[PDB]
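We give structure tokens for two forms of one protein chain below, kept apart as structure 1 and structure 2.
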Structure 1
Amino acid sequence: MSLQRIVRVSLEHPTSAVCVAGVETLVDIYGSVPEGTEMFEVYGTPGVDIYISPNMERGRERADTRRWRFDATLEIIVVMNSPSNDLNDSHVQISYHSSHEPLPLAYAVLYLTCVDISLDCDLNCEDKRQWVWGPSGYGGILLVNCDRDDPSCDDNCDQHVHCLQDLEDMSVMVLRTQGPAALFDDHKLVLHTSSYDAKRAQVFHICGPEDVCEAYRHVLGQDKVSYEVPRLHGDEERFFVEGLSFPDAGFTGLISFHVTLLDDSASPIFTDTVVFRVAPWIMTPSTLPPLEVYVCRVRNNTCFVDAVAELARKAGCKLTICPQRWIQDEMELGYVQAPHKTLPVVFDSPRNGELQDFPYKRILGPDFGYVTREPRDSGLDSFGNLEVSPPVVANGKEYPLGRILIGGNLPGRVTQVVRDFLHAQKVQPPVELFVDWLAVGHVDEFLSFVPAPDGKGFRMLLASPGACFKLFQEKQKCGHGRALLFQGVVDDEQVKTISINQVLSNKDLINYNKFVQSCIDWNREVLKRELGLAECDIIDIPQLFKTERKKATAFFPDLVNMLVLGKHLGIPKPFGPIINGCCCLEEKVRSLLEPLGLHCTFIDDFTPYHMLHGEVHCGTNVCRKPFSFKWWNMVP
């Protein structure tokens, strides 16, 4: 199962073969044996393993212990597992014998120069030059290095390495080249890679160990496809490779680096390869523990920021604030994982105009990569539309990193470049949904995942006008139809206070909400099929819908469109019907959520938001702790 070479010898003059450690070499001859050959012996220098074997069977046997009956169907294998100290310091001698004369008929001498050449980066073990998925898989992982680790950088753009810890983001690659030095006066050692892969990653050799930035010499890049390793350190050269791109429509995600020994007296005689896989971008669903909460602070945002602050302080989350409102629409905080340094990465939306500067200015710290996709020939659904489900099992397949959720229309959608990127990540197969019926059309407007210690660890919450129908009808059956919805609130336009009886007896509103629930039910069945969830995991949240056109906006603050930080969720305060001094919508929300251990804090956001068609989740972003499940053993 190794490399096979055939080196033929002649009875007239000896040969001077060069072999690689561990590799087998078949030994045969040019021309015929002596005229009366009946037997033969073979001998080898210490450190030279010689085996005899028939060409039919594959059992090997030591060959330097007897006189073998001659047979053209036998073959001799020479292996040197250790490199030579000097040129041709070992040799093989084949003597041909006959029972007639006592002396050998002829000799065949082959001197050997053994060289130990090997290229290895990180053979993930827990094995050819192939990358395979699964728990029984192997292969090296290469990151994309999309951050700014050096204080001077304002990391993929430089052809130099001017940071002392940016190297932590790269992948090592060691080339051992043991053997006689004079051999390298006759033979070349060449590292190389295909030009396509050369445009996707860069390699740096080392010329002074671990201390000098200028010592990390760039050897492979955009135009540099090959390089001659001078063996500056001796018998081992160290390289650092950094990726330049993420898996995309045209890039499968694998890059090959080869080393080759050439005989320029040129003919190559050995080549070794190493295959890296570019680690993909992984999204974090709301079920994971949060790390940093992001929220804006605008000219009239007074208590929304205070509520987000005082409510994220319960889960121990950060509070980075932007001076310029939809901080969940501009960015999605995922990550890219490596066996050495897994770093979070922001994906910046092409929906620009308000926070278009925030990611490239105040989000890529030392360990914070940045990636973005802008189409050539516009986004209307963008990163409110981009969510991710928890790990699921459906259609027989298992999705241990969950699945991506994006919106669109069936007969015609989010831009094709973002779709191609998400589908090319290959680790969270997206599910395109029906969202075109909403005004802005974001997935998080009707769907939200919440952690709950029962059933599957989580509950999928869907907005349902039928749930609000039932709640308002049961309250009519109690007599509270005269309770008013928009009663307690700082008049933002003197919004007229409607009552339960007025809502239930408005034929147009009820029929439109029936249509809305039909849309959400189509999405519900698609979610149950593509995520493998049952009704035990699906909870309907009461929500009615307004409209000023053929598309749908929220009537009262959207209850699913909340901020989920582990055990604590910030929900927009539903300025619904007060029945006993407490909002009955809040009571229903509590009866549905608090039995799951969660704590519901409702935020007044009627004046800052919900009048510009947004809720707390639309104005609050969050990055989360990566999955415990590692992405390489995923078997797509």
Structure 2
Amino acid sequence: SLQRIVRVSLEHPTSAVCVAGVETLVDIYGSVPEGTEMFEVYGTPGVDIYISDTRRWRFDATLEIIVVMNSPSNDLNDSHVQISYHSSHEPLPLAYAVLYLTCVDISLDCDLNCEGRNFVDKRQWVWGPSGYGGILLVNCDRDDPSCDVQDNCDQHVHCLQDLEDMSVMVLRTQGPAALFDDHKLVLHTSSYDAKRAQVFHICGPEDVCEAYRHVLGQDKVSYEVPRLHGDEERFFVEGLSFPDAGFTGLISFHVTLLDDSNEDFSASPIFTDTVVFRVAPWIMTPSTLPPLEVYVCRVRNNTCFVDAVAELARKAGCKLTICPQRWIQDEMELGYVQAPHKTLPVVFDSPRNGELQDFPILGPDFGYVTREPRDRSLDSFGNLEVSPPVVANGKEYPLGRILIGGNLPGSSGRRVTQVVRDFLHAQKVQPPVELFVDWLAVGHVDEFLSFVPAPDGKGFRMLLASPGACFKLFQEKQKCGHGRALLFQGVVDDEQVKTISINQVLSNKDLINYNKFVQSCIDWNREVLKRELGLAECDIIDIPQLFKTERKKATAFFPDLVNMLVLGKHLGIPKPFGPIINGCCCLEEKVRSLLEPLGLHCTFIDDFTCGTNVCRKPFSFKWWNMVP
């Protein structure tokens, strides 16, 4: 309703400004003429008058007059309302009161992203399919081909491609120009919001980068808008901060009309319109999403690994980037930000000191984000993974759920710094899950947990390392007369690492009992994952994997099978140098019998003789349609 009160006087005609579609209540300042018993209200064409007027003579009471104008005025004071006060004793009216009106239309709008929900409250941002609201990206992608830092570090536009990342804000003002000579039009935002976004007002041709004037920014919280382009001014909004521990992700911009007609008095508010943007969060891509680019580091002695990765990537049809030497898999994670107008892959760099090949990856349409710890004296993103879309606890996680290696209550050190946990939780669209990894020497999630695509059941199957599975496999192979088959029969007379037989493995009671303890450690996480991801036993696959002891913690006995490179249907699995039976590794044949029915192709790669990371396509599901 946004109702408004305007007072008229008997001795002077008053002049006021109203906004189209806004109810204006006409009251009196001072007494009515002595003797008033009835009143009449008349208005010029275009002025709708209500009484809480066709019937002119109206009895006097504590009743309100409401005037409405629906179309903006062409000239100042081109319309008016006249109240006539009469007495029942005399035919001549007691007095006249005049309210001249100027009607204006003011609207601050953005792309509310409306295809399933209209004319709703522009001051809110609603999640879900029936939601709406502008979306703002963090301009963290360095589009300028002659700049060394991110595009949102300065207060200027230095390339026209940069505008593709920004969001558009349109200010429509319909009215007589002379009015805006003494009625100021102020675009403003809060200081808090000012430190997290910037606004450029376009003032010349679009071709000119210098025409995009920095209007709202780090210290600019208000700006008087000159109406240079007639009835529409254009602003470009540029995000500066992802959602964080203290930043819910909402940023507001307002336009306020201020009456400054009288230089002796003070300014006064007349109308205010608001737009609310939500900063798009950083979203992780699980291994079930289609790949676009694989990253590898060719060092000395790893040529075979890089070659096998290149062969797998060409068999999958995705790009491959050989990186010079930091760490491809542990010092960075690859996600994306998504807005209706542009999607940007974004690298989350592990907190360190230096620009180390991730900042110098950071190029056009490829953004960068990182954090700085509180105690600058680290984080390994091998403790960080994400699940495919799931449904659990009656809730739906269509972008999956983040999986973070946790710390055991009472442990001395922390495995993930507080800044990273706060960032991941603040993204709000992939609610994290704590896992139990302190039993591992390193503690990375991919040492016991992975996901692969499948056509049956849900879109995926969860691979869990299982000492019990390998125990069963070796027992069955021994019962079949293959107990003398040797593990690690890779290279003889040219590489000196002793071999071991199935009999020797099954006879080592310490090894079997320790792997039973490891199996229980993995069973804890198995139950936690079944609960937090809504999984059943048919969703899980126990991949045979044995562990040994290092510093009283768990390490892989043979290469980690669960830690594979997933590229669509193509799997690059670390080659297990297991028992050779009939000319084949029984571990390879077991993994094949487990995975190939799912339509996946298994290529076993020697990573024993690294670093691999994948940029993937975003979810088809739009994050703004999720209900957190």
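We call the rigid core the largest set of C-alpha positions that still match within 1.5 Å between the two forms. One-based numbering along structure 1's sequence throughout.
S.K.: Following superposition of the rigid core, which of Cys478, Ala181, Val393, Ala72 is the only residue with a C-alpha displacement of 2 Å or more between structures 1 and 2?
M.R.: If I go through the list carefully, the shifting residue is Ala72.
S.K.: Taking the rigid core as the reference frame, is the Cα of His13 displaced by 2 Å or more between structures 1 and 2?
M.R.: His13 C-alpha, core-superposed: shift of 2 Å or more.
S.K.: For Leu167, decide whether the Cα shift between structures 1 and 2 is 2 Å or greater, given a superposition on the rigid core.
M.R.: The answer is no, as the C-alpha of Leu167 shifts between structures 1 and 2 by less than 2 Å after core alignment.
S.K.: Taking the rigid core as the superposition reference, indicate whether the CA of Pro350 shifts 2 angstroms or more between structures 1 and 2.
M.R.: Yes, the C-alpha position differs by at least 2 Å between structures 1 and 2.
S.K.: In Å, how large is the C-alpha displacement of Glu38 between structures 1 and 2 after the rigid core is aligned?
M.R.: Its C-alpha position differs by 6.1 Å.
S.K.: How much does the C-alpha of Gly488 shift between structures 1 and 2, in angstrom, given a rigid core superposition?
M.R.: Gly488 is displaced by 1.5 Å at its C-alpha.
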